[PDB]
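Pasted below: start_17.pdb, PDB, N, CA and C atoms.
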ATOM      1  N   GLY A   1     217.084  37.115 112.410
ATOM      2  CA  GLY A   1     216.714  37.622 113.729
ATOM      3  C   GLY A   1     216.574  39.107 113.718
ATOM      4  N   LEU A   2     217.678  39.789 113.857
ATOM      5  CA  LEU A   2     217.700  41.234 113.852
ATOM      6  C   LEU A   2     217.986  41.736 112.453
ATOM      7  N   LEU A   3     217.670  42.975 112.203
ATOM      8  CA  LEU A   3     217.949  43.557 110.925
ATOM      9  C   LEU A   3     219.403  43.968 110.912
ATOM     10  N   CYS A   4     220.170  43.301 110.116
ATOM     11  CA  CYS A   4     221.576  43.550 110.048
ATOM     12  C   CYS A   4     221.928  43.826 108.611
ATOM     13  N   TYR A   5     223.104  44.307 108.375
ATOM     14  CA  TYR A   5     223.491  44.733 107.078
ATOM     15  C   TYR A   5     224.580  43.839 106.542
ATOM     16  N   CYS A   6     224.446  43.456 105.312
ATOM     17  CA  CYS A   6     225.463  42.737 104.643
ATOM     18  C   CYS A   6     226.482  43.746 104.149
ATOM     19  N   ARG A   7     227.591  43.770 104.817
ATOM     20  CA  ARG A   7     228.637  44.714 104.573
ATOM     21  C   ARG A   7     229.705  44.102 103.745
ATOM     22  N   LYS A   8     230.030  44.729 102.683
ATOM     23  CA  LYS A   8     231.127  44.291 101.890
ATOM     24  C   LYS A   8     232.404  44.876 102.448
ATOM     25  N   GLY A   9     233.426  44.079 102.511
ATOM     26  CA  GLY A   9     234.690  44.547 103.016
ATOM     27  C   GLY A   9     234.758  44.490 104.528
ATOM     28  N   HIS A  10     233.967  45.308 105.189
ATOM     29  CA  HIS A  10     233.964  45.369 106.629
ATOM     30  C   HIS A  10     232.726  46.090 107.064
ATOM     31  N   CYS A  11     232.454  46.079 108.323
ATOM     32  CA  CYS A  11     231.284  46.711 108.823
ATOM     33  C   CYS A  11     231.602  48.161 109.130
ATOM     34  N   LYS A  12     230.655  48.877 109.647
ATOM     35  CA  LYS A  12     230.909  50.216 110.061
ATOM     36  C   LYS A  12     231.449  50.168 111.472
ATOM     37  N   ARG A  13     231.986  51.266 111.928
ATOM     38  CA  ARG A  13     232.529  51.327 113.259
ATOM     39  C   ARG A  13     231.383  51.285 114.241
ATOM     40  N   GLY A  14     231.294  50.207 114.958
ATOM     41  CA  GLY A  14     230.241  50.035 115.900
ATOM     42  C   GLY A  14     229.377  48.850 115.560
ATOM     43  N   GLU A  15     229.478  48.364 114.339
ATOM     44  CA  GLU A  15     228.703  47.218 113.930
ATOM     45  C   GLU A  15     229.432  45.956 114.288
ATOM     46  N   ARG A  16     228.706  44.992 114.730
ATOM     47  CA  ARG A  16     229.279  43.738 115.150
ATOM     48  C   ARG A  16     229.069  42.691 114.084
ATOM     49  N   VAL A  17     230.078  41.895 113.851
ATOM     50  CA  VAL A  17     229.991  40.809 112.902
ATOM     51  C   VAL A  17     229.124  39.723 113.518
ATOM     52  N   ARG A  18     228.073  39.377 112.845
ATOM     53  CA  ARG A  18     227.150  38.376 113.328
ATOM     54  C   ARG A  18     227.436  37.093 112.568
ATOM     55  N   UNK A  19     228.032  37.261 111.402
ATOM     56  CA  UNK A  19     228.426  36.175 110.539
ATOM     57  C   UNK A  19     228.841  36.753 109.215
ATOM     58  N   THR A  20     228.627  36.031 108.166
ATOM     59  CA  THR A  20     229.027  36.456 106.868
ATOM     60  C   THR A  20     227.837  36.424 105.923
ATOM     61  N   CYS A  21     227.888  37.185 104.862
ATOM     62  CA  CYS A  21     226.757  37.268 103.960
ATOM     63  C   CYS A  21     227.218  36.989 102.522
ATOM     64  N   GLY A  22     228.418  36.468 102.401
ATOM     65  CA  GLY A  22     228.965  36.154 101.116
ATOM     66  C   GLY A  22     230.465  36.150 101.158
ATOM     67  N   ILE A  23     231.081  35.918 100.025
ATOM     68  CA  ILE A  23     232.535  35.890  99.913
ATOM     69  C   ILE A  23     233.100  37.289 100.154
ATOM     70  N   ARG A  24     232.395  38.269  99.652
ATOM     71  CA  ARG A  24     232.805  39.660  99.775
ATOM     72  C   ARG A  24     232.099  40.344 100.941
ATOM     73  N   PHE A  25     231.057  39.712 101.441
ATOM     74  CA  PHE A  25     230.181  40.360 102.397
ATOM     75  C   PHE A  25     230.158  39.676 103.748
ATOM     76  N   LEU A  26     230.091  40.474 104.744
ATOM     77  CA  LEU A  26     229.995  40.060 106.115
ATOM     78  C   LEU A  26     228.623  40.460 106.604
ATOM     79  N   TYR A  27     228.122  39.793 107.584
ATOM     80  CA  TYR A  27     226.830  40.121 108.115
ATOM     81  C   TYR A  27     227.059  40.867 109.394
ATOM     82  N   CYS A  28     226.819  42.135 109.364
ATOM     83  CA  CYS A  28     227.125  42.981 110.480
ATOM     84  C   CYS A  28     225.862  43.608 111.016
ATOM     85  N   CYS A  29     225.692  43.559 112.295
ATOM     86  CA  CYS A  29     224.528  44.120 112.914
ATOM     87  C   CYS A  29     224.909  45.402 113.629
ATOM     88  N   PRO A  30     224.051  46.427 113.567
ATOM     89  CA  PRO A  30     224.308  47.706 114.223
ATOM     90  C   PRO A  30     224.284  47.577 115.747
ATOM     91  N   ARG A  31     224.940  48.494 116.422
ATOM     92  CA  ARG A  31     224.926  48.491 117.868
ATOM     93  C   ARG A  31     223.714  49.224 118.385
ATOM     94  N   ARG A  32     223.249  50.123 117.579
ATOM     95  CA  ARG A  32     222.097  50.927 117.852
ATOM     96  C   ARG A  32     221.628  51.538 116.551
TER      97      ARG A  32
END
Write out the structure in this file as structure tokens.
Amino acid sequence: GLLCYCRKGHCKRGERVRXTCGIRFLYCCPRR
């Protein structure tokens, strides 16, 4: 859907977890 970042460990401050992108990675989408 939206361009989100596969964040390893955790997302950045302000990014919302949209799901996961792997064992080490979370799928985090930016707030802006």
Where does the PyMOL selection byres ((chain A and resi 16) around 6) land in this file, that is, which residues does it pick, as an mmCIF file with N, CA and C atoms, in the coordinates of the input?
data_model
loop_
_atom_site.group_PDB
_atom_site.id
_atom_site.type_symbol
_atom_site.label_atom_id
_atom_site.label_comp_id
_atom_site.auth_asym_id
_atom_site.auth_seq_id
_atom_site.Cartn_x
_atom_site.Cartn_y
_atom_site.Cartn_z
ATOM 1 N N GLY A 14 231.294 50.207 114.958
ATOM 2 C CA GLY A 14 230.241 50.035 115.900
ATOM 3 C C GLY A 14 229.377 48.850 115.560
ATOM 4 N N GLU A 15 229.478 48.364 114.339
ATOM 5 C CA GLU A 15 228.703 47.218 113.930
ATOM 6 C C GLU A 15 229.432 45.956 114.288
ATOM 7 N N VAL A 17 230.078 41.895 113.851
ATOM 8 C CA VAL A 17 229.991 40.809 112.902
ATOM 9 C C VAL A 17 229.124 39.723 113.518
ATOM 10 N N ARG A 18 228.073 39.377 112.845
ATOM 11 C CA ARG A 18 227.150 38.376 113.328
ATOM 12 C C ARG A 18 227.436 37.093 112.568
ATOM 13 N N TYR A 27 228.122 39.793 107.584
ATOM 14 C CA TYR A 27 226.830 40.121 108.115
ATOM 15 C C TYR A 27 227.059 40.867 109.394
ATOM 16 N N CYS A 28 226.819 42.135 109.364
ATOM 17 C CA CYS A 28 227.125 42.981 110.480
ATOM 18 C C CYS A 28 225.862 43.608 111.016
ATOM 19 N N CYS A 29 225.692 43.559 112.295
ATOM 20 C CA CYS A 29 224.528 44.120 112.914
ATOM 21 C C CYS A 29 224.909 45.402 113.629
ATOM 22 N N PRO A 30 224.051 46.427 113.567
ATOM 23 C CA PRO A 30 224.308 47.706 114.223
ATOM 24 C C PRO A 30 224.284 47.577 115.747
ATOM 25 N N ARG A 31 224.940 48.494 116.422
ATOM 26 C CA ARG A 31 224.926 48.491 117.868
ATOM 27 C C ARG A 31 223.714 49.224 118.385
#
According to DSSP computed on the backbone, where in chain A is there strand (DSSP E or B)? Give the residues as a PDB file with N, CA and C atoms, keeping the file's coordinate frame.
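Generated file (states-v3.pdb):
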ATOM      1  N   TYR A   5     223.104  44.307 108.375  1.00  0.00           N
ATOM      2  CA  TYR A   5     223.491  44.733 107.078  1.00  0.00           C
ATOM      3  C   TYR A   5     224.580  43.839 106.542  1.00  0.00           C
ATOM      4  N   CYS A   6     224.446  43.456 105.312  1.00  0.00           N
ATOM      5  CA  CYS A   6     225.463  42.737 104.643  1.00  0.00           C
ATOM      6  C   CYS A   6     226.482  43.746 104.149  1.00  0.00           C
ATOM      7  N   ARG A   7     227.591  43.770 104.817  1.00  0.00           N
ATOM      8  CA  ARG A   7     228.637  44.714 104.573  1.00  0.00           C
ATOM      9  C   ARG A   7     229.705  44.102 103.745  1.00  0.00           C
ATOM     10  N   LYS A   8     230.030  44.729 102.683  1.00  0.00           N
ATOM     11  CA  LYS A   8     231.127  44.291 101.890  1.00  0.00           C
ATOM     12  C   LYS A   8     232.404  44.876 102.448  1.00  0.00           C
ATOM     13  N   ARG A  16     228.706  44.992 114.730  1.00  0.00           N
ATOM     14  CA  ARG A  16     229.279  43.738 115.150  1.00  0.00           C
ATOM     15  C   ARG A  16     229.069  42.691 114.084  1.00  0.00           C
ATOM     16  N   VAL A  17     230.078  41.895 113.851  1.00  0.00           N
ATOM     17  CA  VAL A  17     229.991  40.809 112.902  1.00  0.00           C
ATOM     18  C   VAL A  17     229.124  39.723 113.518  1.00  0.00           C
ATOM     19  N   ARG A  18     228.073  39.377 112.845  1.00  0.00           N
ATOM     20  CA  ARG A  18     227.150  38.376 113.328  1.00  0.00           C
ATOM     21  C   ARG A  18     227.436  37.093 112.568  1.00  0.00           C
ATOM     22  N   UNK A  19     228.032  37.261 111.402  1.00  0.00           N
ATOM     23  CA  UNK A  19     228.426  36.175 110.539  1.00  0.00           C
ATOM     24  C   UNK A  19     228.841  36.753 109.215  1.00  0.00           C
ATOM     25  N   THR A  20     228.627  36.031 108.166  1.00  0.00           N
ATOM     26  CA  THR A  20     229.027  36.456 106.868  1.00  0.00           C
ATOM     27  C   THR A  20     227.837  36.424 105.923  1.00  0.00           C
ATOM     28  N   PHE A  25     231.057  39.712 101.441  1.00  0.00           N
ATOM     29  CA  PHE A  25     230.181  40.360 102.397  1.00  0.00           C
ATOM     30  C   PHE A  25     230.158  39.676 103.748  1.00  0.00           C
ATOM     31  N   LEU A  26     230.091  40.474 104.744  1.00  0.00           N
ATOM     32  CA  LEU A  26     229.995  40.060 106.115  1.00  0.00           C
ATOM     33  C   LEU A  26     228.623  40.460 106.604  1.00  0.00           C
ATOM     34  N   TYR A  27     228.122  39.793 107.584  1.00  0.00           N
ATOM     35  CA  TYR A  27     226.830  40.121 108.115  1.00  0.00           C
ATOM     36  C   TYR A  27     227.059  40.867 109.394  1.00  0.00           C
ATOM     37  N   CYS A  28     226.819  42.135 109.364  1.00  0.00           N
ATOM     38  CA  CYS A  28     227.125  42.981 110.480  1.00  0.00           C
ATOM     39  C   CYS A  28     225.862  43.608 111.016  1.00  0.00           C
ATOM     40  N   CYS A  29     225.692  43.559 112.295  1.00  0.00           N
ATOM     41  CA  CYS A  29     224.528  44.120 112.914  1.00  0.00           C
ATOM     42  C   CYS A  29     224.909  45.402 113.629  1.00  0.00           C
TER      43      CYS A  29
END
Query raised in the report: Got a sec: who's within 10 Å of residue 26 of chain A, counting only C-alpha atoms, leaving out chain neighbours fewer than 2 positions off, as a VMD selection string?
Result: chain A and resid 4 to 11 16 to 24 28 to 29
Box along x, y and z, 8 Å on every side, all listed atoms of segment 27-32 of chain A inside: centre and edge lengths in Å to one decimal, as AutoDock Vina command-line options.
--center_x 224.9 --center_y 45.7 --center_z 113.0 --size_x 22.5 --size_y 27.7 --size_z 26.8
Requested in this report: State, in Å with one decimal place, the distance from atom N of residue 2 of chain A to atom N of residue 32 of chain A.
Outcome: 12.3 Å
Give me segment 2-28 of chain A with N, CA, C and O atoms filled in, as a short mmCIF file (atom, residue, chain, number, x, y, z; two decimals), keeping the file's coordinate frame.
data_model
loop_
_atom_site.label_atom_id
_atom_site.label_comp_id
_atom_site.auth_asym_id
_atom_site.auth_seq_id
_atom_site.Cartn_x
_atom_site.Cartn_y
_atom_site.Cartn_z
N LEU A 2 217.68 39.79 113.86
CA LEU A 2 217.70 41.23 113.85
C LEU A 2 217.99 41.74 112.45
O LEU A 2 218.46 40.97 111.58
N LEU A 3 217.67 42.98 112.20
CA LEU A 3 217.95 43.56 110.92
C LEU A 3 219.40 43.97 110.91
O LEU A 3 219.81 44.87 111.64
N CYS A 4 220.17 43.30 110.12
CA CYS A 4 221.58 43.55 110.05
C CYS A 4 221.93 43.83 108.61
O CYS A 4 221.11 43.58 107.71
N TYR A 5 223.10 44.31 108.38
CA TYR A 5 223.49 44.73 107.08
C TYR A 5 224.58 43.84 106.54
O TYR A 5 225.51 43.46 107.27
N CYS A 6 224.45 43.46 105.31
CA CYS A 6 225.46 42.74 104.64
C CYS A 6 226.48 43.75 104.15
O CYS A 6 226.22 44.53 103.23
N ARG A 7 227.59 43.77 104.82
CA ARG A 7 228.64 44.71 104.57
C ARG A 7 229.70 44.10 103.74
O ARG A 7 230.22 43.05 104.08
N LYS A 8 230.03 44.73 102.68
CA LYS A 8 231.13 44.29 101.89
C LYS A 8 232.40 44.88 102.45
O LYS A 8 232.43 46.05 102.88
N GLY A 9 233.43 44.08 102.51
CA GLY A 9 234.69 44.55 103.02
C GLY A 9 234.76 44.49 104.53
O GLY A 9 235.51 43.69 105.09
N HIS A 10 233.97 45.31 105.19
CA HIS A 10 233.96 45.37 106.63
C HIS A 10 232.73 46.09 107.06
O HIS A 10 232.02 46.67 106.22
N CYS A 11 232.45 46.08 108.32
CA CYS A 11 231.28 46.71 108.82
C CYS A 11 231.60 48.16 109.13
O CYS A 11 232.72 48.64 108.86
N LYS A 12 230.66 48.88 109.65
CA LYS A 12 230.91 50.22 110.06
C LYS A 12 231.45 50.17 111.47
O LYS A 12 231.35 49.13 112.15
N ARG A 13 231.99 51.27 111.93
CA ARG A 13 232.53 51.33 113.26
C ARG A 13 231.38 51.28 114.24
O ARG A 13 230.56 52.20 114.29
N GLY A 14 231.29 50.21 114.96
CA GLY A 14 230.24 50.04 115.90
C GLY A 14 229.38 48.85 115.56
O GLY A 14 228.63 48.37 116.40
N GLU A 15 229.48 48.36 114.34
CA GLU A 15 228.70 47.22 113.93
C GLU A 15 229.43 45.96 114.29
O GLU A 15 230.65 45.87 114.15
N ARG A 16 228.71 44.99 114.73
CA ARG A 16 229.28 43.74 115.15
C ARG A 16 229.07 42.69 114.08
O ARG A 16 227.99 42.62 113.48
N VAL A 17 230.08 41.90 113.85
CA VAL A 17 229.99 40.81 112.90
C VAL A 17 229.12 39.72 113.52
O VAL A 17 229.40 39.25 114.62
N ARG A 18 228.07 39.38 112.84
CA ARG A 18 227.15 38.38 113.33
C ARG A 18 227.44 37.09 112.57
O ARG A 18 227.15 35.99 113.04
N UNK A 19 228.03 37.26 111.40
CA UNK A 19 228.43 36.17 110.54
C UNK A 19 228.84 36.75 109.22
O UNK A 19 229.32 37.89 109.15
N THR A 20 228.63 36.03 108.17
CA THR A 20 229.03 36.46 106.87
C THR A 20 227.84 36.42 105.92
O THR A 20 226.87 35.72 106.18
N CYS A 21 227.89 37.18 104.86
CA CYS A 21 226.76 37.27 103.96
C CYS A 21 227.22 36.99 102.52
O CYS A 21 226.49 37.21 101.55
N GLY A 22 228.42 36.47 102.40
CA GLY A 22 228.96 36.15 101.12
C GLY A 22 230.46 36.15 101.16
O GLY A 22 231.05 36.38 102.22
N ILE A 23 231.08 35.92 100.02
CA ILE A 23 232.54 35.89 99.91
C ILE A 23 233.10 37.29 100.15
O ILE A 23 234.16 37.46 100.78
N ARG A 24 232.40 38.27 99.65
CA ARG A 24 232.80 39.66 99.78
C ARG A 24 232.10 40.34 100.94
O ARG A 24 232.51 41.42 101.39
N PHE A 25 231.06 39.71 101.44
CA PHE A 25 230.18 40.36 102.40
C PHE A 25 230.16 39.68 103.75
O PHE A 25 230.17 38.45 103.86
N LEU A 26 230.09 40.47 104.74
CA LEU A 26 230.00 40.06 106.12
C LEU A 26 228.62 40.46 106.60
O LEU A 26 228.01 41.36 106.04
N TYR A 27 228.12 39.79 107.58
CA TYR A 27 226.83 40.12 108.12
C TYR A 27 227.06 40.87 109.39
O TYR A 27 227.49 40.28 110.39
N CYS A 28 226.82 42.14 109.36
CA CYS A 28 227.12 42.98 110.48
C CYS A 28 225.86 43.61 111.02
O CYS A 28 225.04 44.11 110.26
#
